[PDB]
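Structure at a glance
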Amino acid sequence: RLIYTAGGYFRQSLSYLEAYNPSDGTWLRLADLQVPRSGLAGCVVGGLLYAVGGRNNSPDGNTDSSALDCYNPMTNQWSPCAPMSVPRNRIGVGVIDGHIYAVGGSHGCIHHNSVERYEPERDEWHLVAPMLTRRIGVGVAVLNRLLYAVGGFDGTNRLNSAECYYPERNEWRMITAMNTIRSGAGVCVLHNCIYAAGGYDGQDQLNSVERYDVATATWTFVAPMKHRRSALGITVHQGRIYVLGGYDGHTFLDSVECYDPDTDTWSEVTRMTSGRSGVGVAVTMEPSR
């Protein structure tokens, strides 16, 4: 299994799909996305990689994207899927029961609180209950088949609140807020905790990391990253967290850091082939040759 990064931003939105091998350190260059996009999210269902939402910032135009596209590592080919009901730049997504939930994001000046669910076996999207909060640059994770939306920006204020979606009640409930306001943080599940790493609080890019224990409904700050960063990508591979790129207020980072939960330590393990922010990241089997 490899860490795949899709899209991103450096001066303009990007079409790169590259896959990192934590063992042998290589970055594999794979088929370009059909459209350059930044602010998208990535996920894997079955063994297929999905690129969801985002925005195409190009020298000739700037369009948010409702697109859903699917990458098959066995063919090294992208195929479109049915699109979401609206464009969603700076989206978060999570997977429950083999279905993809698309959460928040922006379309122009619209800041979504809406949420919709994709069923791959029908290739179709349906709207679900909207969040309590409009959230762009929202971090999303799934724990025990409940869907969490963490932080973001509501168009006026950046957020430390978090809320939780119950699929079978079709309702959102506020949970305990994070210690730190964060939009564009990296949010993932590791072991049985929700991690929120980095992001932006409206004054500084952040290197802090905190984690939510559902048993105690509390957020605790752990080992902070080496490099402050907003709009980073994040994923879990073999029991460790990987954060990719982002923006530190000056530079589009190529740094990749890795969190070992057993030692509560971060280390820099590689650099992307070029710095970028706003990627979609996810883990799936290695391609065929």
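In this document, every chain is numbered from 1 following its sequence as written, which may not correspond to the numbering used in the entry; residues for which no coordinates exist are not shown. The side-chain values count all of the structure's non-hydrogen atoms but skip hydrogen atoms and water molecules. Residues with missing side-chain atoms are left out of burial classes, side-chain pairs and their counts.

The protein chain is annotated in the PDB entry as Kelch-like ECH-associated protein 1 from Homo sapiens. Recorded in the entry header as its title is "Kelch domain of human KEAP1 bound to Nrf2 cyclic peptide, c[BAL-NPETGE]".

1. Considerations on the overall build of the protein chain
Elements are defined by DSSP. Helices are runs of H or I of four residues or more, strands are runs of E of two residues or more, and each kind is numbered from the N terminus. Looking only at helices and strands, the protein chain features zero helices and 30 strands. A globule of 289 residues ought to have a C-alpha radius of gyration of about 19 Å, and the protein chain, at 17 Å, matches this closely. Principal-axis analysis of the C-alpha atoms gives the protein chain an extent of 45 × 40 × 35 Å. If you take every contact in the protein chain between residues at least 6 apart in sequence, the share linking residues at least 24 apart comes to 49%. This radius of gyration counts C-alpha atoms alone. The globule rule is 2.2 Å times how many residues there are, raised to the power 0.38. The contact criterion used is simple: two residues touch if any of their non-hydrogen atoms lie within 4.5 Å.

2. As for unusual backbone geometry
Comment: phi is negative for the bulk of residues other than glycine, and the bulk of peptide bonds are trans. Unlike most non-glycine residues, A217 shows phi in positive territory, near 40 degrees. Inspection of the secondary structure assignment puts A217 in the loop between strand 24 (209-213) and strand 25 (218-221). Of note, the phi angle at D264 is positive, near 45 degrees, even though the residue is not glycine. Along the polypeptide, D264 turns up in the loop between strand 28 (255-260) and strand 29 (265-271).

3. Comments concerning the UniProt feature "repeat: Kelch" in the protein chain
Taking the UniProt record as the reference, the feature "repeat: Kelch" is found at residues 2-47, 48-98, 99-145, 146-192, 193-239 and 240-286. Helix makes up 0% of residues 99-145 and strand 51%, whereas the separation of the span's terminal C-alpha atoms amounts to 11 Å. With 0% helix and 49% strand, residues 240-286 has its two end C-alpha atoms placed 18 Å apart. UniProt positions are given in the numbering used here, feature names are shortened, and annotations may be inferred rather than shown by experiment.

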